[PDB]
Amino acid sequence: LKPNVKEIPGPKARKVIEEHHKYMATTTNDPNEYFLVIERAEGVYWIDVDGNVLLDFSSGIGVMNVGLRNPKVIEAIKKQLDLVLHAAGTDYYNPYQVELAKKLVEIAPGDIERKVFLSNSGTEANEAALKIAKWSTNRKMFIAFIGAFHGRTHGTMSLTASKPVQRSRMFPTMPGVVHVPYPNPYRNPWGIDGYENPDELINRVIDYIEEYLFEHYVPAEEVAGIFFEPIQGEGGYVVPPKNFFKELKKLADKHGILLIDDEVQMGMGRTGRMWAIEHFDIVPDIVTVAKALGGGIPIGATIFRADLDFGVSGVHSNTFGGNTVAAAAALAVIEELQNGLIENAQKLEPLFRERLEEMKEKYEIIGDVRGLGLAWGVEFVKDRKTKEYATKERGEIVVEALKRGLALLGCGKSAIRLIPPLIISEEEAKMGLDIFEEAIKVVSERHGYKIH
């Protein structure tokens, strides 16, 4: 298999797209930007319904970290299908969900005692985090960051702050969430270069919380938790300053506020550590994961300090949680991660950094490149001084990449994420970065952007 695209979308793809629009809700599908109609997957390739072959740099939005169709994950699922599928893990018991809980407790950040709540999704894992934090603290308010994405349910919509259309006509959602700026080193209310001056940006965000919220309208003692992504995903793959979370933990500990680390997109080895927060040297009270954990089977998990447990039965539960097929898949994923795929993320990190910095020196349309392991963001701007979003150009680059056999996703208002499966070879990665660069070159030339 190699990148190989003729007409896209081809005739079979256009039929599926039309039927999708007829039968399915209007969501985030884009027939104009994301006309990829997947029939099968093999290693790091999609094969579309018209037989187009595309190298994958999206991992299906950071889910297929272990490969699009990993054989160790498939064999574990098949073995589990021969035994049992659903055992009602929240009314009855089974050993499968317990084996996964023990492993998640073992791989959690830091050396503190943990327990686990299993669910079906990242939004469920984050709703469970809200409940655990309210029950255990008996406090009801939360702080979250502008640009954050935590899910689309009534509790998590209040945490989420990436695009206002996510909230359209939904007010009221769960009351009690206040938002402050993320320490985004490229874009922040202070105009601070957070790469050159990380401490000044860290200090402005901490001071915003302490001086602007705590000293005026948010009683610090009534805040149950601070929700954060360790790198903002949907908000643009924004990597905050290395010392930010240590300072945030000082502020949280002073007031008895929990730290809730959303790893739904950046966990399961994406950043060359099991948990992205491992790069920032703090131990969060709660960690949420989903997506990649199940290697293609829906699963969520909420990993928490053991003393935060619900003190009485019946406060929280679900039906499908501890699904035995998801559990089997997840144990296989974690084994693949610990035995080679995380090391692969570490090995390819310098290739991404080197190639994306080379691209930033050459192509004026690139405002910023940022990343860790195999999580990279490239943000496009109309002018490097104004940092005006190049939204149209960003969309055109995604389309020019797809026409050349590379599947990319947008993030934020004018960025692209590069998140190839962790099984990707050095050669496959170079092939993708080459296609990406050709897409940037074409859209630059079209619009008269400087090429140096």
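Position 1 is the first residue in the sequence shown; the rest follow in order.
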Comparing 310-318 with 164-172, the one whose average Cα B-factor in the PDB entry is higher: 310-318
Tell me which stretch has the larger mean Cα B-factor in this entry, 96-104 or 278-286. 96-104
Per the PDB entry, maximal CA B factor within 206, 375, 224, 73: 73
For the CA B factor values reported in this entry, which option in 229, 124, 91, 247 has the top one? 91
Using only modelled residues of the chain, where does the Cα B factor of residue 66 rank: lowest third, middle third or highest third? highest
Residue 360: CA B-factor among chain residues, third -> middle
Name the third of the chain's ranked CA B-factors that contains residue 113, choosing lowest, middle or highest. highest
Taking only the Cα B-factors deposited for this chain, tell me whether residue 154 sits in the lowest, middle or highest third. lowest
In terms of its chain's C-alpha B-factors, the third that includes residue 243 is the middle
